[PDB]
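Comments concern the structure below.
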Amino acid sequence: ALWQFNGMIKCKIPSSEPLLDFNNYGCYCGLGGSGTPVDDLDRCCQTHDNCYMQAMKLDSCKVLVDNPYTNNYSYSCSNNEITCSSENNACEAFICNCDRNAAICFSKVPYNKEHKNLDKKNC
Ligand SMILES: [Ca+2]
Ligand SMILES: [Cl-]
């Protein structure tokens, strides 16, 4: 769920408020997403969007009524490392992995201020 993803991103980027810093960035970070990613951070978000689309194709996922944004899962942050839990069932586990991958991705790419609040004439 979005509460968990926020925490993951803070795990990797402890100075951030991710729901502010990483929402409405580029063509893909935030609601929806199309066009060409503007930079590597935007590409992290495209991958994550694709991961959530692939979570929904899962037979596993077609039961929790929640979407990936509302589907809770279990994870830990420890020493700024994210660990998804073996106690997660299949849908939960898949979404946790999508989120972990994206949080790590965000932490390893440049942040270009020019793309924050981009006009979706670029997308
Ligand atoms: Ca998106
Ligand atoms: Cl990690």
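Ligands are counted one by one from 1 in listed order, and the atoms in each one are counted from 1 as well. All residue numbers refer to positions in the sequence shown, counting from 1.
Residue contacts to the Ca ion (ligand 1): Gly33 brings no N, O or S atom closer than 3.0 Å. Residue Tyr28 counts as close to the Ca ion (ligand 1), with an N, O or S atom under 3.0 Å. Taking backbone and side-chain atoms together, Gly30 has an N/O/S atom less than 3.0 Å away from the Ca ion (ligand 1).
Residues that satisfy the ring pair (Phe, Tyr, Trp, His ring centres under 6.0 Å) test with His115, not counting sequence neighbours, are absent from this structure. Every residue meeting the side-chain contact (heavy atoms from CB on, under 4.5 Å) condition with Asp40, not counting sequence neighbours, appears here in chain and number order: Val109.
The distance from atom SG of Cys27 to atom CZ of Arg43, rounded to the nearest 0.5 Å, is 11.0 Å.
When the SG-SG distance for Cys29 and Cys44 is compared with the 2.5 Å cut-off, it comes out at or above that value.
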